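Written out below as structure tokens is the structure these notes cover.
So that the names make sense, note that chain A is the first sequence line, chain B the second, and so on, each numbered from 1.
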Protein chains: 2
Amino acid sequence: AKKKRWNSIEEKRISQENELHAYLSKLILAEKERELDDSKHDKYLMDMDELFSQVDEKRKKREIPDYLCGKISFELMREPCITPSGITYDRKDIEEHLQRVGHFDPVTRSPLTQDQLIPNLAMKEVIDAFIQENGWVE
Amino acid sequence: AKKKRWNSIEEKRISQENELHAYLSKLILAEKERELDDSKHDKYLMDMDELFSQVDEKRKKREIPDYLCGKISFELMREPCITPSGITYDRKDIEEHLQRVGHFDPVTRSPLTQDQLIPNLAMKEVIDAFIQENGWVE
Ligand SMILES: [Cl-]
Ligand SMILES: [Cl-]
């Protein structure tokens with residue numbers, strides 16, 4: 001929703017990392033200048049860039065694990081529930097299927113009814129911990 | 001086991017980060033010297049340290065999520081299976097309990113028998129992805 005504040009917070013971060021990265025690349029090159037005025041430096045620059053480049057590669061984020069998404073909704077599950085076949089779906093989606101499509105396990109075809117659905121408490125914790133450590137979500 | 005190779009691989013990393021970190025702190029201070037020879041630099045040093053300090057704070061690792069551990073084994077689950085009450089245990093541990101302790105859900109006390117155990121396929125994927133992205137495990 002109005003959670004566009006995550007972009008603002010990371011805006012201030014990205015901004016500082018860029019300033020630090022430029023500053024550091026300046027000191028380096030300048031040193032290379034002084035040295036080649038009287039290289040190993042070129043290597044320090046690569047690793048130095050890679051360091052900031054990596055802490056930016058993971059910033060690409062948007063990588064919502066597929067194993068945290070429903071088989072029906074194809075997206076992060078809010079209420080993960082498992083069937084007796086061991087397949088986890090998002091409650092709203094599965095209860096939708098069992099009421100609109102039919103009384104069968106979307107994947108195993110095994111006979112199924114809403115009352116057999118079991119709350120996957122463990123998965124709910126995994127997803128919650130995921131949504132916390134990853135504000136870009138939602 | 002002999003997977004002590006993870007310590008060797010990260011040994012080479014940690015070693016390079018330290019060398020880069022020292023080198024960078026040298027260029028900085030030297031610059032501060034030249035400036036204070038004719039500070040904002042002190043701030044660049046803090047953030048620069050924090051940068052390497054952070055990529056080391058997470059290296060503390062050993063943080064095996066509790067929600068990935070069994071209620072009985074109290075440790076990373078190899079074969080996560082859920083009960084009809086929605087509680088996930090490691091197979092070996094739960095089947096041990098149902099055969100040595102009694103036919104009841106360790107936490108909900110609800111009546112239980114090995115044949116009711118359901119394989120928590122979703123959790124198995126979560127843990128597998130965890131063991132991969134974290135070699136220090138095992
Ligand atoms: Cl789903
Ligand atoms: Cl357990």
Side-chain angles (χ1 to χ4, degrees), chain A residues 54 57-77 79-91 93-94 105-108 110 117-134 136-137, chain B residues 1-10 13 58-77 79-97 106-107 114 116-138:
Chain A
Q54 293 173 322
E57 296 293 61
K58 191 175 183 181
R59 180 163 285 157
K60 172 182 187 170
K61 306 168 187 305
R62 298 175 174 295
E63 261 298 303
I64 294 185
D66 54 357
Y67 59 78
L68 293 189
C69 299
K71 304 298 170 307
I72 292 161
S73 80
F74 280 117
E75 63 183 14
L76 190 58
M77 305 178 273
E79 273 174 274
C81 61
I82 193 170
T83 63
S85 301
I87 292 66
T88 294
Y89 306 83
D90 206 344
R91 189 170 280 294
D93 294 74
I94 193 54
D105 191 292
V107 46
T108 67
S110 163
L117 295 185
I118 302 176
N120 199 330
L121 301 171
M123 282 299 300
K124 186 61 167 60
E125 301 190 18
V126 163
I127 292 173
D128 284 340
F130 174 83
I131 295 189
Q132 269 182 180
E133 184 49 66
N134 303 291
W136 41 279
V137 184
Chain B
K2 225 301 182 62
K3 293 176 64 285
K4 56 176 59 59
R5 59 173 167 290
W6 199 83
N7 297 308
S8 288
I9 69 94
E10 196 166 70
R13 284 211 219 75
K58 191 175 183 181
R59 180 163 285 157
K60 172 182 187 170
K61 306 168 187 305
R62 298 175 174 295
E63 261 298 303
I64 294 185
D66 54 357
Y67 59 78
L68 293 189
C69 299
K71 304 298 170 307
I72 292 161
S73 80
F74 280 117
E75 63 183 14
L76 190 58
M77 305 178 273
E79 273 174 274
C81 61
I82 193 170
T83 63
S85 301
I87 292 66
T88 294
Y89 306 83
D90 206 344
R91 189 170 280 294
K92 56 183 180 70
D93 294 74
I94 193 54
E95 303 198 322
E96 165 84 314
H97 167 89
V107 46
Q114 190 259 68
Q116 303 177 99
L117 295 185
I118 302 176
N120 199 330
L121 301 171
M123 282 299 300
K124 186 61 167 60
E125 301 190 18
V126 163
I127 292 173
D128 284 340
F130 174 83
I131 295 189
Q132 269 182 180
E133 184 49 66
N134 303 291
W136 41 279
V137 184
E138 302 181 311

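Rounding to the nearest 0.5 Å places CD1 of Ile118(B) at 3.5 Å from CD1 of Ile118(A). Atom NZ of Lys71(B) is separated from atom CG of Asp66(B) by 8.5 Å, given to the nearest 0.5 angstrom. Note that CG of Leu117(A) and OG1 of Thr88(A) are 10.5 Å apart. Values are rounded to the nearest 0.5 Å. For the atom pair CD1 of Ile87(A) and CG of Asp105(A), the computed distance is 5.0 Å after rounding to the nearest 0.5 Å.
Side-chain atoms of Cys69(B) and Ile64(B), non-hydrogen and from C-beta on, do get closer than 4.5 Å to each other. Considering only heavy atoms from C-beta on, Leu121(B) stays 4.5 Å or farther from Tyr67(A) through its side chain. When side chains are defined from C-beta on, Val126(A) counts as touching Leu68(B), because their heavy atoms get closer than 4.5 Å. Between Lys61(A) and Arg59(A), some side-chain heavy-atom pair lies under the 4.5 Å cut-off. Counting heavy atoms from C-beta outward, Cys81(A) and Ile94(A) have side chains that approach closer than 4.5 Å. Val107(B) has its side chain out of reach of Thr83(B): every pair of non-hydrogen atoms, C-beta onward, lies at least 4.5 Å apart. By the 4.5 Å heavy-atom criterion applied to side chains, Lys124(A) and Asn120(A) are not counted as neighbours. Within the 4.5 Å cutoff, the side chain of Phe74(B) has no heavy atoms near those of the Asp93(B) side chain.
For the residue pair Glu79(B) and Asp90(B), the shortest heavy atom distance occurs at N-OD1, 2.7 Å. Contact between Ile72(A) and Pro106(A) at its shortest, heavy atoms only, is CD1-CG, 3.8 Å. Closest approach of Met77(B) to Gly70(B), counting heavy atoms only: CG-N, 3.3 Å. Across all their heavy atoms, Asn134(A) and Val137(A) have their closest contact at O-CG2, 2.9 Å.
One N or O on the side chain of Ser73(A) and one on the backbone of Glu75(A) form a donor-acceptor pair closer than 3.5 Å.
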Margin query: Could you walk me through whether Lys60(A) and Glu57(A) satisfy the salt bridge (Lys or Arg N to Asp or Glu O under 4.0 Å) test, starting with their C-alpha distance in whole Å, then the side-chain angles of each, then the deciding distance to 0.1 Å, before giving a yes or no?
Written below: CA-CA 5 Å; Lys60(A) 172 182 187 170; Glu57(A) 296 293 61; over 6 Å; no
